[PDB]
Amino acid sequence: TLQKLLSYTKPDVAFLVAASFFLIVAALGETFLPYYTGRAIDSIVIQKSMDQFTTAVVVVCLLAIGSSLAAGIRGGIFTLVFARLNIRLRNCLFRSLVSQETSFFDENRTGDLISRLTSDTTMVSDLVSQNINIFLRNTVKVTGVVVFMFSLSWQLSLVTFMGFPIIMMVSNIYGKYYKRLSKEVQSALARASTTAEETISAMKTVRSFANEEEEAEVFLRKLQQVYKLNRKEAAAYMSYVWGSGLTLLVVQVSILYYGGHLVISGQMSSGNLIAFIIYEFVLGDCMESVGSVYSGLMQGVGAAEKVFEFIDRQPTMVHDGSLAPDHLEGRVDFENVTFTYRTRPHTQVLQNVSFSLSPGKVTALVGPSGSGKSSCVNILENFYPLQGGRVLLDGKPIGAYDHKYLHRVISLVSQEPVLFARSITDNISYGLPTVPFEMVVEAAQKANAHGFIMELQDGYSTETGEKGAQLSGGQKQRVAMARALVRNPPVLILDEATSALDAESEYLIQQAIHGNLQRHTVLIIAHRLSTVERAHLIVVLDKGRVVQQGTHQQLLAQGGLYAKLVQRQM
Amino acid sequence: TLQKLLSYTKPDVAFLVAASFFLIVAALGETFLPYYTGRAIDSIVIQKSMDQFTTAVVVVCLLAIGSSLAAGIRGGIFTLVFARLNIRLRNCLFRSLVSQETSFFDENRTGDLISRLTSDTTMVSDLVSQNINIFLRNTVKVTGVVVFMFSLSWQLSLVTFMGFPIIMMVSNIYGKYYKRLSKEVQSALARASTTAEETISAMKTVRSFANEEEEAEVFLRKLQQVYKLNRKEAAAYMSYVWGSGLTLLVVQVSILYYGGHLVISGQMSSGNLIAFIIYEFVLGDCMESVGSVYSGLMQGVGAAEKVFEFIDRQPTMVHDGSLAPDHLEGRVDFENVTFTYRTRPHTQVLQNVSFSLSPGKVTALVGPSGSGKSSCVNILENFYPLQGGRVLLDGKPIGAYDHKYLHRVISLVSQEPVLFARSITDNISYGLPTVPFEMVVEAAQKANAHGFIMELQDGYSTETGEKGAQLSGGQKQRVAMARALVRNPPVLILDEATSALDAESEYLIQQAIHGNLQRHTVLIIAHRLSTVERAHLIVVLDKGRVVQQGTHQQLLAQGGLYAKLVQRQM
Amino acid sequence: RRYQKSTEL
Ligand SMILES: CC(C)CCC[C@@H](C)[C@H]1CC[C@H]2[C@@H]3CC=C4C[C@@H](OC(=O)CCC(=O)O)CC[C@]4(C)[C@H]3CC[C@]12C
Ligand SMILES: CC(C)CCC[C@@H](C)[C@H]1CC[C@H]2[C@@H]3CC=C4C[C@@H](OC(=O)CCC(=O)O)CC[C@]4(C)[C@H]3CC[C@]12C
Ligand SMILES: CC(C)CCC[C@@H](C)[C@H]1CC[C@H]2[C@@H]3CC=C4C[C@@H](OC(=O)CCC(=O)O)CC[C@]4(C)[C@H]3CC[C@]12C
């Protein structure tokens, strides 16, 4: 529909009606100009008196000045409403857009979304501002012209109005012929270029067999076919421009001859004929203009509907739960959970998993690197609904507490921790506002990132310039872990990548203080088994099915798929 | 450097001179005829008689008919020259491109070259086909018309030459102000949008912290800061259109009033003024046209100097090798060769390794499994020169052999085999002239491919449609090695990829029965270590340095990195 | 022959 587009201009109707009013005034001025112009000319040819004084001044003053001023203020306020429309529409789209489930982001590509945002906002703002504007302008203009044609000479207007459609018909016929042939030429050239691209793509395989000059040969054959196609459309353009020229010639000279007959036979004055042919040329101009812009308008309105499908798409789950205790004990428990991805409901990435989390201890879990390993991390952040089971915190599920309080109480670090084009003091508390300097530097010293913080060109409050391309792996690792710790959450989750460029320093730091002294159930998903030797409670599952639990010496008491992996990886 | 563009227009001089001639006569007709139109109106004011219409028609018939005739001829000829020049440039550039060394495609991109083979070639054809055309047309037209108006009335000529620079100056300075303002608006818009882009591009983390409302806040804050400036921009546009309209108004009415006074002064007939105003009219049209074209012309000549960056570019590898015996035995050897890439000479991948290959036997090799040992296959296929040592073939260096003959003798398979959008028998009998079809049948037997091809839509004459995306990679490797076997290669290159998810009996038959029972000296690389059983001469390396040789039975003794990797497989 | 018109309001 377009009723949404109707509704999204309601606080702008004052500017709209003032714009349309001034538009109609400029229209009446522009169409009133030529008849008085011709009266002045019929003075300057027939009655060479000082009525030309009067006619010339009335030609200039009200007509030209009013038309110019009206057009100017019209375009000005149209640019105003263009700005206001773009602002409000872009703001509302972005405000709606971020409030959706993650599955929406998994389904749709990202660059498509931002291209949709920017390009289509500009497209629909151009649609309201420019195309509709000049369309209405030219239509009221041409209606005024044909009004003057039926007022001046019904004879002459009937002649030109049986004339003009013949021109339009033959021009459309031969132009469609021409454009179709040129499109065929474009298609064949595209075909040959696609062949050449497919050759040059994996071309080392071709160099394995030395076929290259034959690829040149077949390319040349395709191009020769293109050539023989092209001669015909050359002849077509020839014929088209021939016909158009001869037709406009014969109709124009018939106009002039019959008008001369009418004026010398004493039917209308000469200035009437003058104004008449003036109006014919301006009519042709306006008709060509509207015929040009109609297709661009159609493209715009076709582009418009891509926005509204996401303007008000209903999200599935809302953060309706609201609870914020002053503190907690940090008791987390799993309960026979059977999550699956919503995007592909065939599989079973989780099946009936239950385990508690000890307040204070360090719970550990490593998968077989093929099954569900990086999924509980998505469970614990309410990023999805769950199929079976229900995960509670302190007896209450995630749908009980406040969402912002939930993010306040539990942090998260990824394996590829992205940052923002901001300063460090910005990026250290990306979420939490109202932070003091001293807590940040204290946590950074606890983060052991403080070294490569201070040695920089601006040290503490430097900025992640060139889109943050001035750090490395272990750097942003320490940065993100600081970004975790600055909130001081009662519960932390840590799972890092396979590289782990920290030379055992950060692990010494956590198992010095942040694994024992910091009373937080810090669940660890680990790769490279560098921490399975040192933990508090270790489990391992495949797709939902646990094979081993307990402390790692029970894992040593039964090394089934525990010891086999660690003996494999040295 | 532009004489290069001359250096390819050379075989087209006849079409060029004909086109220029017809362009010239068209322009001359166009610049003549309105003066005689003014002569006709001079008759309509005074000699309204039989001499009127005679003169009128004998002017307009010859003039307009010759104009449209020559214009049609000119358009057709420039169409033909566009086609011919585009064909010649595309063929020559694509031909010279493929003969470049492999390191070029290694360093250079792919889609950039496709752009360079389609779009800018189209652009450089558009240069000589359109921009030169309309530029020359309009400049000779403006010279002709300024000659006529200078010939008629030097007084009003001086009026026009005092007027038009004022219009052009004020329009240029105000449009510069305007365009600077609008570009400021657009840049601020992009600067505001990229923040939301950064949010939405990695929104998992901010959703993990729930600050999207603050993002919307700072977003609309930026956008308000934008539209405050946009107000000033629009006001400036209003002042621009005001000034342009007012100035053109006042200069035009001054021209008309002075012309009326000079007509009543009697020295100037009416038709003189008629010619003056009409010719002034086209002048403005022509000035509009040249101001439109000049920028796109500069764009085209800028795009033009990218195809000559490579169309005359020297190859870096000679291909003077000519040895081609009737048959060969195939003791390919090495001589302590070392190698690094030409991108970075410090990064070494090969250091001083030599080993022979006994003809007619199966010989495999796996290095440290970390080095890109496929570099050995690359130095087999003569894709690069070598720094140290030398590689030969049966006593003769691999260079001196004929290039096509070399690639005929030794075959190759990749890891991910690629194919074209041709029929499979064409994809099989690819780099070789029309060898009969029963050999393809024999290969499909030997590849064990004869079965599954019968379960296609046609069988043999079928084509791998949908841009080649309908077969699994197992049969892809199957048909790839089938492509090798139709060549009847004496020496063979084989390297199965990491998956090897096929029926796997074809692999042991490859080790034993497929090629191993014939004169097929085959070199094998493998990830799946099921091949290490069936072997004769296992060589193992590290960082391009040989450590062991002989059978794997000797490697049972020297299990260092061998037996370490045997159990690493399990 | 031009392709598309200029930008104006
Ligand atoms: C021929 C076309 C397809 C390409 C030539 C260049 C065109 C861009 C335009 C520029 C101005 C046009 C001209 C504007 C003036 C008219 C006068 C018109 O003369 C007729 O007798 C009408 C009555 C008159 O004008 O006296 C013939 C067409 C012509 C030359 C137009 C032909 C096409 C022109 C030269
Ligand atoms: C894209 C737009 C700008 C049209 C492009 C072509 C115009 C710039 C030219 C081509 C033919 C010209 C017209 C040829 C016919 C004449 C008749 C002429 O009438 C006579 O001057 C009356 C006698 C007098 O004025 O005393 C008025 C100008 C006019 C319309 C000319 C106005 C300018 C025109 C339209
Ligand atoms: C309505 C406007 C805002 C947009 C429509 C397109 C305009 C860019 C063009 C199309 C027709 C043009 C007009 C055609 C008639 C001429 C008459 C011309 O009169 C001149 O002053 C000389 C004759 C005289 O002295 O009155 C002034 C410019 C004007 C209004 C042109 C101004 C620019 C116009 C409106």
# chains A, B, ... in the order shown; residues from 1 in each chain; ligands from 1
>>> residues_around(residues="residue 522 in chain B", least_positions_apart="5", cutoff="6 Å", atoms="only C-alpha atoms", output="number ranges by chain")
B: 362, 491-493
>>> write_last_selection(atoms="N, CA, C and O atoms", output="PDB file, in the first residue's frame")
ATOM      1  N   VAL B 362      54.902 -45.719  -8.349  1.00  0.00           N
ATOM      2  CA  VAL B 362      54.065 -44.855  -7.532  1.00  0.00           C
ATOM      3  C   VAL B 362      54.927 -44.230  -6.449  1.00  0.00           C
ATOM      4  O   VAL B 362      55.601 -44.937  -5.697  1.00  0.00           O
ATOM      5  N   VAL B 491      53.445 -39.267 -17.235  1.00  0.00           N
ATOM      6  CA  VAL B 491      53.664 -38.838 -15.866  1.00  0.00           C
ATOM      7  C   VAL B 491      52.412 -38.105 -15.410  1.00  0.00           C
ATOM      8  O   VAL B 491      51.730 -37.449 -16.205  1.00  0.00           O
ATOM      9  N   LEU B 492      52.084 -38.250 -14.131  1.00  0.00           N
ATOM     10  CA  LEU B 492      50.810 -37.793 -13.607  1.00  0.00           C
ATOM     11  C   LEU B 492      51.019 -37.036 -12.308  1.00  0.00           C
ATOM     12  O   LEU B 492      51.934 -37.332 -11.537  1.00  0.00           O
ATOM     13  N   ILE B 493      50.149 -36.064 -12.067  1.00  0.00           N
ATOM     14  CA  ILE B 493      50.103 -35.331 -10.811  1.00  0.00           C
ATOM     15  C   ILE B 493      48.749 -35.566 -10.170  1.00  0.00           C
ATOM     16  O   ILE B 493      47.710 -35.340 -10.800  1.00  0.00           O
TER      17      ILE B 493
END
>>> residues_around(residues="range 97-105 of chain B", least_positions_apart="3", cutoff="10 Å", atoms="only C-alpha atoms", output="mmCIF file with N, CA, C and O atoms, in the first residue's frame")
data_model
loop_
_atom_site.group_PDB
_atom_site.id
_atom_site.type_symbol
_atom_site.label_atom_id
_atom_site.label_comp_id
_atom_site.auth_asym_id
_atom_site.auth_seq_id
_atom_site.Cartn_x
_atom_site.Cartn_y
_atom_site.Cartn_z
ATOM 1 N N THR A 199 36.739 -17.774 -18.139
ATOM 2 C CA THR A 199 38.101 -18.203 -18.447
ATOM 3 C C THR A 199 39.102 -17.604 -17.469
ATOM 4 O O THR A 199 39.900 -18.323 -16.859
ATOM 5 N N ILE A 200 39.067 -16.283 -17.300
ATOM 6 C CA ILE A 200 40.113 -15.611 -16.538
ATOM 7 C C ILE A 200 39.997 -15.895 -15.047
ATOM 8 O O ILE A 200 40.964 -15.700 -14.302
ATOM 9 N N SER A 201 38.847 -16.391 -14.598
ATOM 10 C CA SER A 201 38.600 -16.651 -13.188
ATOM 11 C C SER A 201 39.588 -17.641 -12.587
ATOM 12 O O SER A 201 40.410 -17.269 -11.746
ATOM 13 N N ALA A 202 39.541 -18.891 -13.032
ATOM 14 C CA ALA A 202 40.402 -19.948 -12.509
ATOM 15 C C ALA A 202 41.535 -20.259 -13.467
ATOM 16 O O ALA A 202 41.899 -21.421 -13.669
ATOM 17 N N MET A 203 42.112 -19.209 -14.051
ATOM 18 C CA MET A 203 42.861 -19.333 -15.293
ATOM 19 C C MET A 203 44.120 -20.174 -15.170
ATOM 20 O O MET A 203 44.663 -20.595 -16.196
ATOM 21 N N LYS A 204 44.610 -20.409 -13.956
ATOM 22 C CA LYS A 204 45.801 -21.235 -13.814
ATOM 23 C C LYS A 204 45.535 -22.662 -14.255
ATOM 24 O O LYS A 204 46.420 -23.323 -14.810
ATOM 25 N N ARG A 207 46.096 -22.472 -17.865
ATOM 26 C CA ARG A 207 47.523 -22.477 -18.153
ATOM 27 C C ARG A 207 48.126 -23.852 -17.962
ATOM 28 O O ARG A 207 49.164 -24.153 -18.554
ATOM 29 N N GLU A 212 44.895 -20.910 -24.088
ATOM 30 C CA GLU A 212 44.585 -19.490 -23.946
ATOM 31 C C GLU A 212 44.256 -18.843 -25.282
ATOM 32 O O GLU A 212 43.249 -18.137 -25.423
ATOM 33 N N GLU A 213 45.119 -19.053 -26.269
ATOM 34 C CA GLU A 213 44.894 -18.460 -27.576
ATOM 35 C C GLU A 213 43.615 -18.986 -28.211
ATOM 36 O O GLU A 213 42.948 -18.256 -28.946
ATOM 37 N N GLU A 215 40.992 -19.537 -26.391
ATOM 38 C CA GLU A 215 39.992 -18.708 -25.731
ATOM 39 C C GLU A 215 39.887 -17.363 -26.420
ATOM 40 O O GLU A 215 38.785 -16.828 -26.596
ATOM 41 N N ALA A 216 41.024 -16.823 -26.854
ATOM 42 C CA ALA A 216 40.991 -15.618 -27.670
ATOM 43 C C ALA A 216 40.229 -15.859 -28.965
ATOM 44 O O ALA A 216 39.465 -14.997 -29.413
ATOM 45 N N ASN B 91 39.125 -7.179 -28.014
ATOM 46 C CA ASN B 91 39.897 -8.328 -28.471
ATOM 47 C C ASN B 91 41.368 -8.162 -28.145
ATOM 48 O O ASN B 91 42.003 -9.088 -27.628
ATOM 49 N N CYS B 92 41.923 -6.980 -28.409
ATOM 50 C CA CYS B 92 43.357 -6.826 -28.222
ATOM 51 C C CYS B 92 43.727 -6.853 -26.747
ATOM 52 O O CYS B 92 44.729 -7.471 -26.367
ATOM 53 N N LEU B 93 42.916 -6.223 -25.896
ATOM 54 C CA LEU B 93 43.233 -6.211 -24.476
ATOM 55 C C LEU B 93 43.111 -7.599 -23.877
ATOM 56 O O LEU B 93 43.976 -8.028 -23.106
ATOM 57 N N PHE B 94 42.051 -8.325 -24.229
ATOM 58 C CA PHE B 94 41.913 -9.659 -23.674
ATOM 59 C C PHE B 94 42.990 -10.593 -24.198
ATOM 60 O O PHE B 94 43.434 -11.485 -23.470
ATOM 61 N N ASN B 108 47.489 -9.148 -8.956
ATOM 62 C CA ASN B 108 46.331 -8.349 -9.301
ATOM 63 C C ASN B 108 45.046 -9.060 -8.894
ATOM 64 O O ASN B 108 45.036 -10.242 -8.543
ATOM 65 N N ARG B 109 43.954 -8.313 -8.945
ATOM 66 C CA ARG B 109 42.653 -8.800 -8.522
ATOM 67 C C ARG B 109 41.956 -9.506 -9.680
ATOM 68 O O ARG B 109 42.550 -9.768 -10.727
ATOM 69 N N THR B 110 40.677 -9.826 -9.499
ATOM 70 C CA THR B 110 39.898 -10.470 -10.547
ATOM 71 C C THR B 110 38.751 -9.595 -11.021
ATOM 72 O O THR B 110 38.649 -9.320 -12.221
ATOM 73 N N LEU B 113 39.750 -6.662 -12.995
ATOM 74 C CA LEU B 113 40.051 -6.925 -14.392
ATOM 75 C C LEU B 113 38.787 -7.109 -15.212
ATOM 76 O O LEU B 113 38.768 -6.782 -16.399
ATOM 77 N N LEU B 117 37.758 -4.990 -18.380
ATOM 78 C CA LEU B 117 37.492 -5.594 -19.671
ATOM 79 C C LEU B 117 36.115 -5.262 -20.217
ATOM 80 O O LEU B 117 35.884 -5.448 -21.415
ATOM 81 N N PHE B 310 47.995 -1.854 -19.416
ATOM 82 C CA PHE B 310 48.278 -3.269 -19.534
ATOM 83 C C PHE B 310 48.270 -3.780 -20.954
ATOM 84 O O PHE B 310 48.848 -4.844 -21.198
ATOM 85 N N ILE B 311 47.640 -3.076 -21.898
ATOM 86 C CA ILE B 311 47.533 -3.630 -23.238
ATOM 87 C C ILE B 311 48.886 -3.691 -23.927
ATOM 88 O O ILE B 311 49.090 -4.529 -24.808
ATOM 89 N N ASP B 312 49.830 -2.848 -23.522
ATOM 90 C CA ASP B 312 51.227 -2.963 -23.921
ATOM 91 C C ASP B 312 52.001 -3.151 -22.630
ATOM 92 O O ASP B 312 52.523 -2.196 -22.056
ATOM 93 N N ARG B 313 52.065 -4.391 -22.168
ATOM 94 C CA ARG B 313 52.766 -4.723 -20.939
ATOM 95 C C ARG B 313 53.600 -5.960 -21.206
ATOM 96 O O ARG B 313 53.089 -6.957 -21.720
ATOM 97 N N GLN B 314 54.869 -5.891 -20.868
ATOM 98 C CA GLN B 314 55.789 -6.939 -21.260
ATOM 99 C C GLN B 314 55.575 -8.178 -20.400
ATOM 100 O O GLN B 314 55.416 -8.060 -19.182
ATOM 101 N N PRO B 315 55.531 -9.367 -20.990
ATOM 102 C CA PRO B 315 55.582 -10.586 -20.186
ATOM 103 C C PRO B 315 56.930 -10.718 -19.503
ATOM 104 O O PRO B 315 57.950 -10.209 -19.970
ATOM 105 N N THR B 316 56.924 -11.416 -18.375
ATOM 106 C CA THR B 316 58.122 -11.572 -17.568
ATOM 107 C C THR B 316 58.767 -12.940 -17.715
ATOM 108 O O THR B 316 59.814 -13.181 -17.108
ATOM 109 N N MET B 317 58.176 -13.842 -18.494
ATOM 110 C CA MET B 317 58.696 -15.195 -18.654
ATOM 111 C C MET B 317 58.778 -15.534 -20.132
ATOM 112 O O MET B 317 57.779 -15.438 -20.851
ATOM 113 N N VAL B 318 59.966 -15.933 -20.580
ATOM 114 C CA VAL B 318 60.120 -16.407 -21.944
ATOM 115 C C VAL B 318 59.500 -17.797 -22.074
ATOM 116 O O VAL B 318 59.273 -18.507 -21.091
ATOM 117 N N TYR B 341 58.177 -16.755 -2.609
ATOM 118 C CA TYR B 341 57.250 -16.032 -3.466
ATOM 119 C C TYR B 341 57.840 -14.694 -3.889
ATOM 120 O O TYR B 341 58.676 -14.110 -3.197
ATOM 121 N N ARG B 342 57.388 -14.207 -5.042
ATOM 122 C CA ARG B 342 57.838 -12.909 -5.521
ATOM 123 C C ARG B 342 57.165 -11.759 -4.794
ATOM 124 O O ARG B 342 57.617 -10.617 -4.919
ATOM 125 N N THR B 343 56.091 -12.027 -4.055
ATOM 126 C CA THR B 343 55.479 -10.979 -3.247
ATOM 127 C C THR B 343 56.407 -10.557 -2.117
ATOM 128 O O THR B 343 56.760 -9.379 -1.996
ATOM 129 N N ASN B 382 55.690 -25.071 -13.983
ATOM 130 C CA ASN B 382 56.422 -23.954 -14.580
ATOM 131 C C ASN B 382 55.663 -22.640 -14.437
ATOM 132 O O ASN B 382 55.687 -21.787 -15.323
ATOM 133 N N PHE B 383 54.977 -22.481 -13.312
ATOM 134 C CA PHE B 383 54.229 -21.259 -13.071
ATOM 135 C C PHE B 383 55.113 -20.111 -12.631
ATOM 136 O O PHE B 383 54.669 -18.961 -12.650
ATOM 137 N N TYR B 384 56.336 -20.396 -12.208
ATOM 138 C CA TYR B 384 57.228 -19.385 -11.671
ATOM 139 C C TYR B 384 58.643 -19.744 -12.073
ATOM 140 O O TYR B 384 58.923 -20.900 -12.403
#
>>> residues_near_ligand(ligand="ligand 3", cutoff="7 Å", atoms="only C-alpha atoms and all ligand atoms", output="list in words")
residues 26, 27, 30, 37, 59, 60, 64, 71 and 282 of chain A; 248, 249, 252, 253 and 256 of chain B
>>> write_last_selection(atoms="N, CA and C atoms", output="PDB file, in the first residue's frame")
ATOM      1  N   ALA A  26       2.935  30.166  -9.608  1.00  0.00           N
ATOM      2  CA  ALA A  26       3.985  30.186 -10.621  1.00  0.00           C
ATOM      3  C   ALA A  26       3.504  29.581 -11.929  1.00  0.00           C
ATOM      4  N   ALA A  27       2.625  28.585 -11.843  1.00  0.00           N
ATOM      5  CA  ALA A  27       2.042  27.998 -13.041  1.00  0.00           C
ATOM      6  C   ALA A  27       1.226  29.022 -13.817  1.00  0.00           C
ATOM      7  N   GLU A  30       3.522  31.612 -15.483  1.00  0.00           N
ATOM      8  CA  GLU A  30       4.247  31.121 -16.643  1.00  0.00           C
ATOM      9  C   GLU A  30       3.321  30.911 -17.827  1.00  0.00           C
ATOM     10  N   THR A  37       2.868  38.698 -24.263  1.00  0.00           N
ATOM     11  CA  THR A  37       4.056  38.870 -25.092  1.00  0.00           C
ATOM     12  C   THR A  37       3.675  39.061 -26.553  1.00  0.00           C
ATOM     13  N   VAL A  59       4.094  43.057 -19.331  1.00  0.00           N
ATOM     14  CA  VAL A  59       4.746  41.788 -19.620  1.00  0.00           C
ATOM     15  C   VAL A  59       5.809  41.500 -18.579  1.00  0.00           C
ATOM     16  N   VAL A  60       6.641  42.489 -18.276  1.00  0.00           N
ATOM     17  CA  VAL A  60       7.747  42.201 -17.378  1.00  0.00           C
ATOM     18  C   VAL A  60       7.252  42.041 -15.944  1.00  0.00           C
ATOM     19  N   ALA A  64       6.826  38.181 -14.848  1.00  0.00           N
ATOM     20  CA  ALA A  64       8.144  37.614 -14.642  1.00  0.00           C
ATOM     21  C   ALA A  64       8.535  37.639 -13.174  1.00  0.00           C
ATOM     22  N   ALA A  71       8.397  30.514  -7.922  1.00  0.00           N
ATOM     23  CA  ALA A  71       9.196  29.325  -8.181  1.00  0.00           C
ATOM     24  C   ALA A  71      10.320  29.192  -7.170  1.00  0.00           C
ATOM     25  N   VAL A 282       6.319  25.510 -26.150  1.00  0.00           N
ATOM     26  CA  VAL A 282       6.385  25.248 -24.716  1.00  0.00           C
ATOM     27  C   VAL A 282       5.586  23.994 -24.368  1.00  0.00           C
TER      28      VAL A 282
ATOM     29  N   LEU B 248      18.533  37.223 -15.781  1.00  0.00           N
ATOM     30  CA  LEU B 248      18.243  36.865 -17.164  1.00  0.00           C
ATOM     31  C   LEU B 248      17.056  37.659 -17.681  1.00  0.00           C
ATOM     32  N   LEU B 249      16.071  37.891 -16.811  1.00  0.00           N
ATOM     33  CA  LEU B 249      14.943  38.752 -17.125  1.00  0.00           C
ATOM     34  C   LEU B 249      15.397  40.131 -17.575  1.00  0.00           C
ATOM     35  N   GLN B 252      17.359  40.327 -20.816  1.00  0.00           N
ATOM     36  CA  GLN B 252      16.556  40.033 -21.994  1.00  0.00           C
ATOM     37  C   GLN B 252      15.651  41.201 -22.355  1.00  0.00           C
ATOM     38  N   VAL B 253      15.021  41.812 -21.350  1.00  0.00           N
ATOM     39  CA  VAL B 253      14.114  42.906 -21.660  1.00  0.00           C
ATOM     40  C   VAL B 253      14.886  44.133 -22.108  1.00  0.00           C
ATOM     41  N   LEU B 256      15.444  43.507 -25.783  1.00  0.00           N
ATOM     42  CA  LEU B 256      14.237  43.693 -26.579  1.00  0.00           C
ATOM     43  C   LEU B 256      13.895  45.170 -26.744  1.00  0.00           C
TER      44      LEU B 256
END
>>> closest_atom_pairs(of="chain A", to="chain C", cutoff="8 Å", atoms="only C-alpha atoms", output="JSON lines")
{"residue": "A:75", "atom": "CA", "partner": "C:9", "partner_atom": "CA", "distance": 5.5}
{"residue": "A:78", "atom": "CA", "partner": "C:9", "partner_atom": "CA", "distance": 7.8}
{"residue": "A:79", "atom": "CA", "partner": "C:9", "partner_atom": "CA", "distance": 8.0}
{"residue": "A:130", "atom": "CA", "partner": "C:9", "partner_atom": "CA", "distance": 5.9}
{"residue": "A:134", "atom": "CA", "partner": "C:9", "partner_atom": "CA", "distance": 7.6}
>>> select_by_dssp(residues="range 452-541 of chain B", states="strand (DSSP E)", output="list in words")
residues 491, 492, 493, 494, 495, 521, 522, 523, 524, 525, 540 and 541 of chain B
>>> write_last_selection(atoms="N, CA and C atoms", output="PDB file, in the first residue's frame")
ATOM      1  N   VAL B 491      53.445 -39.267 -17.235  1.00  0.00           N
ATOM      2  CA  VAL B 491      53.664 -38.838 -15.866  1.00  0.00           C
ATOM      3  C   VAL B 491      52.412 -38.105 -15.410  1.00  0.00           C
ATOM      4  N   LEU B 492      52.084 -38.250 -14.131  1.00  0.00           N
ATOM      5  CA  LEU B 492      50.810 -37.793 -13.607  1.00  0.00           C
ATOM      6  C   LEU B 492      51.019 -37.036 -12.308  1.00  0.00           C
ATOM      7  N   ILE B 493      50.149 -36.064 -12.067  1.00  0.00           N
ATOM      8  CA  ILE B 493      50.103 -35.331 -10.811  1.00  0.00           C
ATOM      9  C   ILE B 493      48.749 -35.566 -10.170  1.00  0.00           C
ATOM     10  N   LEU B 494      48.761 -36.015  -8.921  1.00  0.00           N
ATOM     11  CA  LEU B 494      47.535 -36.300  -8.198  1.00  0.00           C
ATOM     12  C   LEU B 494      47.666 -35.779  -6.779  1.00  0.00           C
ATOM     13  N   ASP B 495      46.634 -35.087  -6.310  1.00  0.00           N
ATOM     14  CA  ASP B 495      46.583 -34.651  -4.921  1.00  0.00           C
ATOM     15  C   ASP B 495      45.121 -34.562  -4.514  1.00  0.00           C
ATOM     16  N   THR B 521      53.953 -42.806 -13.978  1.00  0.00           N
ATOM     17  CA  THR B 521      54.735 -42.334 -12.847  1.00  0.00           C
ATOM     18  C   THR B 521      53.959 -41.223 -12.163  1.00  0.00           C
ATOM     19  N   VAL B 522      53.387 -41.523 -11.005  1.00  0.00           N
ATOM     20  CA  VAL B 522      52.414 -40.651 -10.365  1.00  0.00           C
ATOM     21  C   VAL B 522      52.999 -40.101  -9.073  1.00  0.00           C
ATOM     22  N   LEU B 523      52.871 -38.793  -8.890  1.00  0.00           N
ATOM     23  CA  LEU B 523      53.245 -38.132  -7.655  1.00  0.00           C
ATOM     24  C   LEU B 523      51.976 -37.825  -6.877  1.00  0.00           C
ATOM     25  N   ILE B 524      52.001 -38.102  -5.579  1.00  0.00           N
ATOM     26  CA  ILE B 524      50.795 -38.087  -4.767  1.00  0.00           C
ATOM     27  C   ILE B 524      51.045 -37.267  -3.514  1.00  0.00           C
ATOM     28  N   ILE B 525      50.133 -36.353  -3.223  1.00  0.00           N
ATOM     29  CA  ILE B 525      50.048 -35.706  -1.925  1.00  0.00           C
ATOM     30  C   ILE B 525      48.708 -36.104  -1.323  1.00  0.00           C
ATOM     31  N   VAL B 540      59.515 -36.972   3.151  1.00  0.00           N
ATOM     32  CA  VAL B 540      58.873 -36.061   4.084  1.00  0.00           C
ATOM     33  C   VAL B 540      59.792 -34.865   4.294  1.00  0.00           C
ATOM     34  N   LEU B 541      59.199 -33.679   4.409  1.00  0.00           N
ATOM     35  CA  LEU B 541      59.954 -32.444   4.498  1.00  0.00           C
ATOM     36  C   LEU B 541      59.498 -31.633   5.700  1.00  0.00           C
TER      37      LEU B 541
END
>>> residues_near_ligand(ligand="ligand 2", cutoff="6 Å", atoms="only C-alpha atoms and all ligand atoms", output="list in words")
residues 41, 274, 278 and 281 of chain A; 274, 278, 281, 282 and 285 of chain B
>>> interface_residues(of="chain B", to="chain A", cutoff="7 Å", atoms="only C-alpha atoms", output="ChimeraX atom specification")
/B:68-69,72-73,75-76,79-80,83,87,91,95,98,110,114,197,201,208-212,216,220,223,227,230-231,234-235,237-238,241-242,245,381,404,407-408,431,568
